[PDB]
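Only one chain is given next, in structure tokens, and it is the form deposited without its partner chain.
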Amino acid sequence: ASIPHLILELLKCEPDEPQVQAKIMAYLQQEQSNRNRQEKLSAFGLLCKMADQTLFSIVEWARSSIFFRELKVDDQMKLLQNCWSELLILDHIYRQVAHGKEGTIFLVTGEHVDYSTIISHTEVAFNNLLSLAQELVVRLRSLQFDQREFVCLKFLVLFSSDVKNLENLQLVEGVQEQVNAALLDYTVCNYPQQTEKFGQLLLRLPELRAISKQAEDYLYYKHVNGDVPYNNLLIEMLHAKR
């Protein structure tokens, strides 16, 4: 039905969103229920709490992923360390495209929060990053960015060839080229009037890149003086940078 085979397989590797939301929702209700006051029941750390969970879900996704699983643990870690924050932001952006509304932000827990509530209860620094992400959301919404293009961008983000010291480089470049091809074939077969949405889509990766670094720098800063609880997947990957 105009969906190449390679894409049908990537989609099969996607987690069922509803159960990921339920699992994350519970975790946060626990983390927030268990300590029932005294310590730090913040709002910055909470977005940090669900970002951490989202990250674990992303790592599991990559691991169970059709082509990633053929790489040795050494190659896997180097690909995930290089793009983990980009994957997180891309995940957020797509969730806004498929579920976002008027003046709300759809959270991974499956909840809608007023964009005003987020802004007000967070410092301007975080505010700017959140706003830089919505611009991309606005651009993807116009292009009719859909799920099949979303899993393709994910694999293009994960399988990046300019990562140094990859053992099975032949496989990483192969998949990358193969996904690029399946994506172009899909975009013009399903959105032909869209002169170059394919180009538009790829032009988004460098932007995701830039936003990604600014996000890590802010995350590191907030971390250096004790403003996040801790959360080892977030910190671990952030320290894979230094």
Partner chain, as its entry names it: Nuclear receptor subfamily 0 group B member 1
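Residue numbers count along the first chain shown, from 1. Shifts are known only where both forms have a C-alpha. What we label the rigid core is the largest C-alpha set whose atoms superpose within 1.5 Å from one form to the other.
When the C-alpha B-factors of 215-223 and 230-238 are averaged, 230-238 comes out higher. Between 41-49 and 187-195, it is 41-49 that carries the larger average Cα temperature factor according to the deposited entry. Per the PDB record, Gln29 has a higher Cα B-factor than any other of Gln200, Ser64, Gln29, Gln176. Each of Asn128, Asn165, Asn82, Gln134 has a CA temperature factor in the record; the biggest one is found at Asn165. In this PDB entry, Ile118 carries a Cα temperature factor that places it within the highest third of its chain's modelled residues.
In this PDB entry, the Cα temperature factor of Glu86 sits in the bottom third of its chain's modelled residues, the lowest group. Placement of the Cα temperature factor of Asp146 within the chain: lowest third of the modelled residues, per the deposited record. When all modelled residues of the chain are sorted by CA temperature factor, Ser161 is found within the highest third.
The PDB entry assigns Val73 a C-alpha temperature factor belonging to the highest third of its chain's modelled residues.
Note that the form solved in complex with its partner chain isn't included here; everything after this is about it.
The single contact residue among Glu111, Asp162, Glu167, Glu102, judged by any heavy atom lying within 4.5 Å of its partner chain in the deposited bound form, is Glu167. Only one of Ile118, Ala125, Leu132, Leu171 comes within 4.5 Å of its partner chain in the deposited bound form through a heavy atom, and that residue is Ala125. Across the proposed site, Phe67, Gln178 and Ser212 without exception lack any heavy atom within 4.5 Å of its partner chain in the deposited bound form. The stretch that touches its partner chain in the deposited bound form, counting heavy atoms within 4.5 Å, is 73-81, out of 73-81, 88-96, 144-152, 102-110.
In the deposited bound form, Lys222 approaches its partner chain with a heavy atom inside 4.5 Å. At a distance threshold of 4.5 angstroms between non-hydrogen atoms, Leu6 is out of contact with its partner chain in the deposited bound form. In the deposited bound form, its partner chain stays beyond 4.5 Å of every heavy atom belonging to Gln19.
Among residues of the shown chain, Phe44 is not one whose heavy atoms approach its partner chain to within 4.5 Å in the deposited bound form. Core-aligned CA deviation for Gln38 between the shown form and the other one: 2 Å or greater.
Once the two forms are aligned on their core, the segments of at least three consecutive shared residues with Cα displacements of 2 Å or more between the shown form and the other one fall at 35-42, 230-233.
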